[PDB]
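S.K.: Here is the sequence, then the experimental structure:
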Amino acid sequence: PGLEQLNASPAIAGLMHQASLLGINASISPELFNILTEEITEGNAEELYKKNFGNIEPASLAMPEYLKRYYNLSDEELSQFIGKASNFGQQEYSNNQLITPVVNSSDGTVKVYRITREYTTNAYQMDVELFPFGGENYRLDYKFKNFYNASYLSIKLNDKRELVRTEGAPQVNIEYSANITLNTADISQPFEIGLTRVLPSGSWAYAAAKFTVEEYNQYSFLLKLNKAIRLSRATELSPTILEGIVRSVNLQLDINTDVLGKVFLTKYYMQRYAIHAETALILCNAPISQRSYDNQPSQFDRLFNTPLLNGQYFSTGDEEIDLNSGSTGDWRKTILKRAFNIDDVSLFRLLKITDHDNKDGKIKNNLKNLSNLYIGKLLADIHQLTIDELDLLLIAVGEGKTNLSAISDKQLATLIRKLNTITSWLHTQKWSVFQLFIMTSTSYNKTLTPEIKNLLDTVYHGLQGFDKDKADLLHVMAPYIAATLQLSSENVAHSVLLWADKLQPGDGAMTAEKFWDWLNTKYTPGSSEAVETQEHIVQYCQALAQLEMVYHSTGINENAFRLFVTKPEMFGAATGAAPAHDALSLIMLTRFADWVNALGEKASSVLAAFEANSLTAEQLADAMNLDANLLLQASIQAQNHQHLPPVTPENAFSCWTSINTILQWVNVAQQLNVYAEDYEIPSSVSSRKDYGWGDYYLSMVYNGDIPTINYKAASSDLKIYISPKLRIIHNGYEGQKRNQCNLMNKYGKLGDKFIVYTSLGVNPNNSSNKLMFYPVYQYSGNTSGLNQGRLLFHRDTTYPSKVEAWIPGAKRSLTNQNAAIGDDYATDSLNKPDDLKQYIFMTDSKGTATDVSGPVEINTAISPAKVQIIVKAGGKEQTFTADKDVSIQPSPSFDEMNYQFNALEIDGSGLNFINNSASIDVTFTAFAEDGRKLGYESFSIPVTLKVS
């Protein structure tokens with residue numbers, strides 16, 4: 001739980017990137033990872049919508065009740081993603097963005113508007129807002145702060161195009177509204193609405209905001225909203241809280257890996273520590289978010305001014321604040337005092353941890369400094385450390401020369417990690433930070449202690465004439481120094497000497513040899529004055545105390561300790577490099593010792609095996625009494641992930657560093673433990689009784705069913721309710737029509753209007769192919785670029801060729817050079833649509849030729865309204881129009897169109913019954929813009945009555 005062991009064993013965790021780590025505590029599936037990652041553009045919007053959403057139209061999804069129901073989210077949770085909405089059209093900015101759906105009753109369309117506001121000028125002296133009332137007409141709300149005594153005010157879209165001008169001089173605290181119109185050309189670019197007020201002498205004061213207005217198709221909008229929502233449910237954070245994180249971290253409204261990483265770091269910080277979301281964010285290295293959202297006070301005011309000294313923290317960034325300890329400054333210093341719960345002195349130490357460079361206690365008051373001091377204090381706070389402990393521990397890890405200052409985000413994160421790992425470790429071990437500090441750090445403060453004077457005298461008289469040949473130096477040396485040290489045996493001391501020599505602790509690299517030389521040469525006992533080098537020798541002194549602690553602190557088998565000191569190489573050391581003193585290393589020695597003791601008596605065999613290459617896994621297995629394969633797969637597992645010492649199968653068993661890593665694989669795994677007088681009706685009726693083609697046979701209605709039939713019985717009367725859905729598709733059974741239609745779909749959108757050709761033939765002469773081009777001529781229409789016309793064609797021939805279309809009437813030929821294999825268009829210059837009415841001769845210069853006949857003009861436009869449903873029961877036919885009946889109407893798309901009829905009421909009796917059964921005719925039909933019927937598919941719904 002909480003993934004504590006994953007935190008405990010950094011080696012195992014090290015294999016994986018934090019990004020994956022997120023998967024455990026906060027819910028984000030690999031695919032969800034993908035859903036977050038995909039980029040959303042307006043072009044992409046439709047497909048990604050098909051991607052992210054099913055058949056549902058965005059008009060259906062946009063309804064607020066529908067979302068709540070679908071997501072199973074509370075109204076508040078829903079309100080967090082989407083700007084709040086009133087009963088009225090009025091909507092307001094929430095989290096510095098406006099999100100407004102706008103539907104026009106005329107069109108029957110759903111369009112979602114999103115506006116971005118960013119202040120270029122002022123932000124004081126100005127407040128401007130923009131609301132979309134409808135297409136092309138917007139309401140502008142602007143209020144004035146600051147004073148300007150102007151003759152008139154001009155609201156300008158750009159330097160040129162003033163939206164509004166006022167003869168009166170604007171006054172204080174009055175938001176004034178003026179209706180303004182913005183064009184589609186205007187909307188496309190994020191424009192700057194600038195309010196300039198001119199007073200005779202000023203002459204003017206200027207304040208302006210940059211608005212980004214985005215039009216969203218129903219589909220894409222839901223997608224982007226989707227990411228906002230999925231984030232909030234899974235991470236379990238507020239959409240505003242996330243908003244701060246995203247807005248803070250990267251470009252507006254984009255969810256990135258870094259952003260996820262930040263959500264994760266915070267969650268981890270808050271899971272492990274009492275810390276609330278806002279404080280954990282700063283731990284994550286963030287700046288205090290000054291914004292106020294959700295009717296909550298900003299992170300900053302809540303952080304600093306929940307209590308009141310008697311002043312609201314301005315956080316201006318202008319004010320110089322006296323942080324030194326030893327001075328009484330502004331109330332601002334007092335502000336800091338209540339917030340952190342610190343004295344002036346300790347605050348000074350805080351500032352110093354924040355910035356070593358800052359000579360006097362003065363602060364810029366910007367966000368960076370506030371974040372830096374707070375970082376120092378929280379750095380102390382999350383772990384169980386006072387500022388003293390945080391200071392020693394920072395110097396001990398070795399970091400604190402280094403200041404928070406401007407520090408790499410990468411480095412702040414590293415610092416966070418180191419602190420987290422060690423703190424959890426000390427916490428487990430029952431060791432204080434100071435105890436750790438005395439042992440870790442290379443400090444060794446220079447002083448002639450009585451203890452030191454005594455060691456030296458004994459050793460000095462002891463070592464004075466030493467002959468290397470006669471005896472081992474360490475051996476001879478061991479009892480002298482041990483004698484000085486309290487309760488250390490000769491062996492313990494000898495092990496210590498080895499470690500000291502390997503470590504070389506000091507600003508001056510030190511060796512016992514260096515040490516002895518200095519002693520003989522320079523040192524005199526009982527003399528106060530001495531060579532400055534002494535600081536370095538003092539280094540030796542504290543260092544020995546240090547090394548000794550490692551042995552006692554870790555609790556290592558003494559022989560094993562000698563082994564580590566004598567051959568750190570086995571422990572994965574550089575073997576040429578000094579035995580490591582790090583946090584990573586100290587834990588390593590400790591885990592190694594515990595392991596040795598666990599081995600117990602057998603440990604001699606193991607450690608001995610350890611001296612040579614003889615120790616292996618599965619040998620290790622017998623000792624641990626774990627299954628051999630467990631160790632072996634630990635090894636495989638080690639080999640696959642990347643580690644500080646790399647791990648290879650040859651090596652998995654022979655070198656110790658791999659062994660320690662493999663064992664951690666073990667720790668992780670073990671942790672996971674791994675009569676009739678109603679209608680005696682048929683119980684349904686949906687079979688294609690008949691299917692009919694469009695009038696022209698160009699388009700048709702593909703099979704889609706009338707889901708069920710219901711009925712209510714009355715005296716002589718019958719009420720039957722039906723739910724038939726309509727489908728319109730443009731594809732032929734097969735042939736040229738499909739090709740032409742494919743061209744229309746590929747090259748153009750729905751309602752567009754254009755000419756297609758009925759009869760295509762191969763030319764006698766000029767043709768080897770018996771193959772023909774499939775032409776269609778597009779017009780300027782709903783979606784047309786510059787051109788009046790474009791000639792579209794589909795060519796079967798694989799080989800590259802030029803296609804030319806010649807017109808006898810026109811006497812001009814549209815040309816395409818090296819047309820694409822599948823489909824291509826020859827643009828028309830000095831385009832006249834009338835020309836294309838005339839007979840066209842199309843050919844490849846190479847073997848293909850075709851002659852086109854029977855030109856037809858077609859209008860693809862179908863209002864959902866024009867399409868109908870017809871019914872035959874009894875004497876009278878019944879009809880139902882789409883506008884009333886179609887709940888949501890489909891966006892014009894060439895690909896397909898679906899129409900939904902809510903429910904329809906139908907006649908019965910009459911419908912005369914034959915063979916005691918009768919059917920109710922239901923036929924779906926449609927009519928396009930040019931005036932042909934797209935097709936129709938007729939259905940039957942049978943009914944049975946009494947029996948004669």
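M.R.: Here it is on my side, so go on. Residues are numbered from 1 along each chain as shown.

S.K.: what kind of secondary structure is residue 754 in?
M.R.: Under DSSP: H, G, I helix; E, B strand; the rest coil, the three-state class of residue 754 is strand.

S.K.: can you pull out the helices in the stretch 151-300 of the chain?
M.R.: Along the stretch 151-300 of the chain, the stretches classed as helices by DSSP state H, counting those that start in this stretch are 184-188, 218-235, 239-249, 257-272, 277-283, 299-304.

S.K.: Give the other helices and strands that the fifth one contacts.
M.R.: Looking back up the chat, that one is helix 277-283. helix 239-249, helix 257-272, helix 299-304, helix 367-382 (3 or more C-beta pairs under 8 Å, 6 or more residues apart in numbering; DSSP states H and E). Placement of C-beta: from N, CA and C, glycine included.

S.K.: what's the closest of those helices to residue 35?
M.R.: Smallest distance to residue 35 across the helices and strands packed on helix 277-283 (C-beta to C-beta): 11.9 Å, for helix 257-272.

S.K.: which parts of that closest one are buried?
M.R.: Across helix 257-272, burial judged by 16 or more other C-beta atoms under 10 Å covers 259-272.

S.K.: and what of stretch 436-453?
M.R.: Those would be 436-444, 446, 448, 452, for stretch 436-453 by 16+ other C-beta under 10 Å.

S.K.: From those, pick the one nearest residue 229.
M.R.: Of all those, residue 436 has the smallest distance to residue 229: 45.7 Å, by C-beta to C-beta.

S.K.: okay if I get the helices and strands packed on helix 277-283 as a markdown table plus distance to residue 336?
M.R.: Output for the helices and strands packed on helix 277-283, formatted as a markdown table (distance: least, C-beta to C-beta, whole Å):
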| stretch | distance to residue 336 |
| --- | --- |
| helix 239-249 | 23 |
| helix 257-272 | 22 |
| helix 299-304 | 8 |
| helix 367-382 | 8 |
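
S.K.: Tell me which of those helices lies nearest to residue 625.
M.R.: helix 257-272 (33.8 Å).

S.K.: Contacts made by that closest one with the rest, please.
M.R.: Helix 257-272 is contacted from outside by 2, 7, 18-19, 21-22, 25-26, 28, 36-37, 235, 237, 242, 245-246, 249-250, 275-277, 280-281, 283-284, 286, 382, 413, 416, 420, 424, using C-beta atoms under 8 Å, 6 or more residues apart in numbering.

S.K.: Mark which of these are buried, thanks.
M.R.: Among these, those scoring as buried are 7, 21-22, 25-26, 28, 36, 235, 237, 242, 245-246, 249, 275, 277, 280-281, 283-284, 286, 382, 413, 416, 420, 424 (criterion: 16+ other C-beta under 10 Å).

S.K.: if I pick residue 742, what's in contact with it?
M.R.: Listed by C-beta under 8 Å, 6+ apart, the contact set of residue 742 reads 794, 823.

S.K.: just wondering, since we're on it, how far is it from residue 731?
M.R.: In this view, residue 742 and residue 731 are 8 Å apart by C-beta to C-beta, to the nearest Å.

S.K.: Check residue 868 too.
M.R.: Going from residue 868 to residue 731 by C-beta to C-beta gives 21 Å.

S.K.: Compare the two (neighbour count), which wins?
M.R.: Higher neighbour count among residue 868 and residue 731: residue 868, with 19 against 15, using other C-beta atoms under 10 Å.

S.K.: what's the closest non-adjacent residue to that one?
M.R.: In space, and not counting its chain neighbours, residue 868 is closest to residue 925: 5.7 Å by C-beta to C-beta, 6 or more residues apart in numbering.

S.K.: Strands of the stretch 801-948 of the chain, start to end?
M.R.: 801-806, 813-819, 823-827, 840-844, 849-859, 868-872, 877-881, 897-899, 904-906, 917-927, 933-944 (DSSP state E, counting those that start in this stretch).

S.K.: and the first one, which strands flank it?
M.R.: Taking DSSP bridges as the criterion, strand 801-806 pairs within the sheet with strand 813-819 (antiparallel), strand 840-844 (antiparallel).

S.K.: tilt between the last one and strand 849-859?
M.R.: Meaning strand 840-844. 130 degrees (axes from the mean of the first three to the mean of the last three C-alpha atoms, to 10 degrees).

S.K.: residues making contact with strand 840-844?
M.R.: Contacts for strand 840-844 (C-beta under 8 Å, 6+ apart): 757, 763, 766-767, 773, 775, 793, 795, 797, 801-808, 849-852.

S.K.: Residue 871: what's it in contact with?
M.R.: Counting by C-beta under 8 Å, 6+ apart, residue 871 touches 877-880, 904, 906-907, 920-923.

S.K.: most neighbours, which of the residues you listed?
M.R.: For those, neighbours were counted using other C-beta under 10 Å, and residue 922 has the most, 25 neighbours in all.

S.K.: and it, bridged to which residues?
M.R.: Counting by DSSP bridges, residue 922 is bridged to residue 871, residue 939.

S.K.: so what's it up against?
M.R.: Going by C-beta under 8 Å, 6+ apart, residue 922 touches 706, 722, 724, 869-872, 938-941.

S.K.: Kindly indicate which of those lies nearest residue 230.
M.R.: Among the contacts of residue 922, residue 724 lies closest to residue 230 (C-beta to C-beta), at 35.2 Å.

S.K.: Quickly note the distance from the closest residue to the closest one other than its chain neighbours to residue 906.
M.R.: If you skip the residues right next to it in sequence, residue 724 has residue 706 as its closest partner in space, 3.9 Å away by C-beta to C-beta, 6+ apart. Per C-beta to C-beta, residue 706 is found 11 Å from residue 906.

S.K.: Common neighbours of the two, please.
M.R.: Shared contacts of residue 706 and residue 906 (C-beta under 8 Å, 6+ apart): residue 722.

S.K.: Determine the number of other residues adjacent to the nearest residue to residue 795 once chain neighbours are set aside.
M.R.: Leaving aside its chain neighbours, residue 795 sits nearest to residue 773 (5.6 Å; criterion: C-beta to C-beta, 6+ apart). Residues lying near residue 773 (other C-beta under 10 Å) number 26.

S.K.: which residues touch residue 773?
M.R.: Contact analysis of residue 773 by C-beta under 8 Å, 6+ apart lists 760, 793-795, 803, 842, 848, 850.

S.K.: Dump stretch 526-543 to CSV, restricted to CA.
M.R.: Only the C-alpha atoms of stretch 526-543 are listed here, as CSV (Å, rounded to 0.1, in the frame of the first residue of the first chain):
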residue,chain,number,x,y,z
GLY,A,526,51.2,20.2,23.8
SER,A,527,52.1,23.1,21.5
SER,A,528,49.3,25.4,20.8
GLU,A,529,50.6,26.9,17.6
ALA,A,530,51.0,24.6,14.6
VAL,A,531,51.0,24.2,10.9
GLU,A,532,47.7,25.2,9.2
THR,A,533,47.8,21.9,7.5
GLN,A,534,46.4,20.7,10.9
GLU,A,535,42.9,21.4,9.7
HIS,A,536,43.6,18.6,7.2
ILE,A,537,44.9,16.4,10.0
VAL,A,538,41.8,17.2,12.0
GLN,A,539,40.2,15.9,8.9
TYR,A,540,41.8,12.6,9.7
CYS,A,541,40.5,12.8,13.2
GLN,A,542,36.9,13.4,12.5
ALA,A,543,37.1,11.1,9.5
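
S.K.: Flag every buried residue along it.
M.R.: Of the residues in stretch 526-543, 533-534, 536-543 count as buried by neighbour count, 16+ other C-beta under 10 Å.

S.K.: same deal with stretch 826-833?
M.R.: Within stretch 826-833, the residues scored as buried using 16+ other C-beta under 10 Å are 826, 828, 831, 833.
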